[PDB]
Structures are given as structure tokens and as C-alpha cells.
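The chains referred to below are lettered A, B, ... by the order of the sequence lines, with proteins before strands, and numbering in each begins at 1. Ligands are counted one by one from 1 in listed order, and the atoms in each one are counted from 1 as well.
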Amino acid sequence: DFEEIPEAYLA
Amino acid sequence: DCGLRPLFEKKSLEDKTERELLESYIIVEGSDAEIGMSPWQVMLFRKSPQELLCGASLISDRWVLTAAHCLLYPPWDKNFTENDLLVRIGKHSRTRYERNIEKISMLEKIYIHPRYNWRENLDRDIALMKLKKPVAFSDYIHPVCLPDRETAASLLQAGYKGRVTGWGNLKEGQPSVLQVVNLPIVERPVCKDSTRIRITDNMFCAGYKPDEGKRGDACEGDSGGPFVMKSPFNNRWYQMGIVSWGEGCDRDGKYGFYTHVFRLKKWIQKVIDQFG
Ligand SMILES: N[C@@H](C(=O)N1CCC[C@H]1C(=O)NCc1cc(Cl)ccc1Cl)C(c1ccccc1)c1ccccc1
């Protein structure tokens, strides 16, 4: 149930 | 500047239980943490699927301290690398992207203690993570002090309470926000007689005796987080242990075992100065 972190970090 | 919390020490405010800790120097059954009460707390987060791996601590702007077993535990086919993970510093809520409060960092290099014993008893369960770029400190983000021989010596004594924090299991529901518990250190005898695992000098155990009436412990998800103590001499928080292993969470007659950070400080120095 984690809230979507910014894609900027996931990149 | 380590171990003096922007929102408490620096303003002369006491958090609601630190006096239990100071009065003793003569997460299961913990409570919700106050904002800014452990600004060195880090969440290790897996990118896919998105999930809480472990706790950890901020020891400088570039370096995070965690339990080696969070990264490499071959029994469970766990072997993570730099790009598998994200470090999230400044958090309170387990699941929310706390926009404008937290910072997410990418890892540059993971270092596991070369004699980490995953095969038998998680002896030297300690790993260092160098972040890609420095985290800037804030009210919610501040490092903890690693101990020196003399602070280790006078504080890590049976009966002296320490404080453990983490977003792991509440029972053997995970919490909404960071939980905290204050546990007494236990005599090595008692520690050895409660288990079948060979205990080594790089470890100590904490928890209340079944007759002490209070209770509390770390549990699954809490691994890698800090066991910290406040010095009654200079008022700073030092990290004495890393949450390593237990036999269930808060069983009577059982105790949690922590990596003894002072006993492995030489390896920590050696890695920091030789690599940044
Ligand atoms: N329950 C295992 C554990 O805590 N483990 C297995 C490896 C990861 C770690 C853990 O989840 N620690 C989180 C934890 C820490 C503490 Cl301080 C208290 C409760 C809990 Cl669950 C542990 C164990 C001890 C005795 C009998 C079976 C298993 C064990 C000790 C030594 C070597 C292997 C296993």
C-alpha cells in the first residue's frame, strides 16, 4: 500500500 | 553536530520518554513516534515491487548504516545491489510520499562487512551505503553519533535502556507511522541461556525479563534500524546497536540481538576514509 513515489527517483 | 536533534536538544525540549532512558543510567508494544524524534531514521525501499525492506540510520550526509542481512541473505535468495534500492530519509509515515519533508536518495556503493556470517548466526551483521550525493540536513533529517570507546564503555551496561525504532511489524498490521520502544540491555549470561544460536562478542541483547512486567521488542521489517542511547555527559544520541535477529517478536524468555556498532567501528572507519 505504498504511495507512488516520483518517477524522477525511479529513473 | 551529530546526535543533537533540531527539534528537541537545540530548543531545549525533552521528547516524552527520554527521561526513562536517563533515569536508568544509575515494533511490538512500542508507541507512535513524535515528529523529529529520530531524524537519523532511514527507510530502505525496494523499487519494484515498491516495498519497505529495512530500517537504517543516517550517520553523515553521505553514509547510511544498516544490517548486512537486509542486502544479502542467501537462505532467502536475497542479494540486492545499488540500483535495486532507494534510501528515504526524513520520514514518519510508513506509506506516504511525505512531499517536501522527505528526501529519496539513490545509492552509489554498498559495502558489506567481509566476515559477515550469514551461514550460521549473523555475526557482523553490518553494511554501509554511500549515497550518490549528499543529503542536506533539516529539522527532520540529522545524523546520529557513532560511539567512541569511552561512551561505549560507560553506557552499554546491563540495566541501561536504549531506544529502537522502525516501521516493521506490530506483532509476530504494520504501523501507520514510525514506532518507538525503550528496552533495557540484558546481561550476556541471560542472553546466551535464552537461545540455541552461538552468541559472539559482536552482539548484545535487549529486552525485559518475563517477570519485569514491561515488554516490547523489534520484529520483522525493523531489521537494520538503530538501537540508540543518549549520553548523560554531553547530551547527544549515540547509536550502540543495529537490529539484527530474534526468535519471534516479544516472546517471554526471549530477547532481541543487535550488532555491537562499537566493536565494528574500526571496519567502519576503514571503509569511510578509504572511500569517502
Ligand atoms: N528469526 C531469525 C531472524 O531473526 N532472522 C533471520 C535472518 C533475518 C533475521 C530477522 O528477520 N530479524 C528481525 C528481528 C530482529 C529482532 Cl531484534 C527481533 C525480532 C526480529 Cl524478527 C533467527 C532465528 C533464531 C532462532 C531460531 C530461528 C531463527 C536467526 C538468527 C540467526 C541466524 C539466522 C536466523
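Heavy-atom proximity to atom 5 (N) of ligand 1, evaluated over B/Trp245, B/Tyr255, B/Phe257, is greatest for B/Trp245. Of the candidates B/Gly248, B/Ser223, B/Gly166, B/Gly207, B/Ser223 brings a heavy atom nearest to atom 10 (C) of ligand 1. Within the set B/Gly241, B/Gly168, B/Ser244, B/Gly246, the minimum heavy-atom distance to atom 12 (N) of ligand 1 is found for B/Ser244.
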Residues B/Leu52, A/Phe2; criterion side chain to side chain contact (heavy atoms under 4.5 Å, CB included); working and verdict: CA-CA 9 Å; B/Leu52 164 79; A/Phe2 284 82; 3.9 Å; yes
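Counted within 6.0 Å of NZ on B/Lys109, heavy atoms from surrounding residues, nucleotides or ligands total 12 or fewer; the atom is thus considered open.
Every residue meeting the salt bridge (charged side-chain N to carboxylate O under 4.0 Å, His left out) condition with B/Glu120, not counting sequence neighbours, appears here in chain and number order: B/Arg198. Applying the salt bridge (charged side-chain N to carboxylate O under 4.0 Å, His left out) rule to B/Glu247 yields the partners B/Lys254; only residues at least two apart in sequence or on another chain are considered.
At a heavy-atom distance under 4.0 Å, no atom of B/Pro75 approaches ligand 1. Only backbone heavy atoms of B/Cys219 (N, CA, C or O) come within less than 4.0 Å of ligand 1; its side chain stays farther off.
Linking ILVMFWY residues whenever their side-chain heavy atoms come closer than 4.5 Å, directly or via other members, leaves B/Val177 and B/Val181 in distinct clusters. A continuous path of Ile, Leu, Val, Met, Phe, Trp and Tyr side chains, each step under 4.5 Å between heavy atoms, connects B/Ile272 with B/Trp40, placing both in one hydrophobic cluster.
A side-chain donor-acceptor contact under 3.5 Å links B/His142 to the backbone of B/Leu4.
The ligand atoms of ligand 1 that sit less than 4.0 angstrom from a heavy atom of B/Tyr73 are 6 (C), 7 (C), 33 (C), 34 (C). Atoms of ligand 1 found under 4.0 Å from any heavy atom of B/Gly256 (numbered from 1 in listed order, with element): 17 (Cl). Of all atoms in ligand 1, numbered sequentially from 1 with element shown, those under 4.0 Å from a heavy atom of B/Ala218 are 16 (C), 17 (Cl), 18 (C), 19 (C). Of all the atoms in ligand 1, the ones that sit under 4.0 Å from a non-hydrogen atom of B/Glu247 are 24 (C), 25 (C).
Residue contact annotation: B/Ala67 has no non-hydrogen atom under 4.0 Å from ligand 1.
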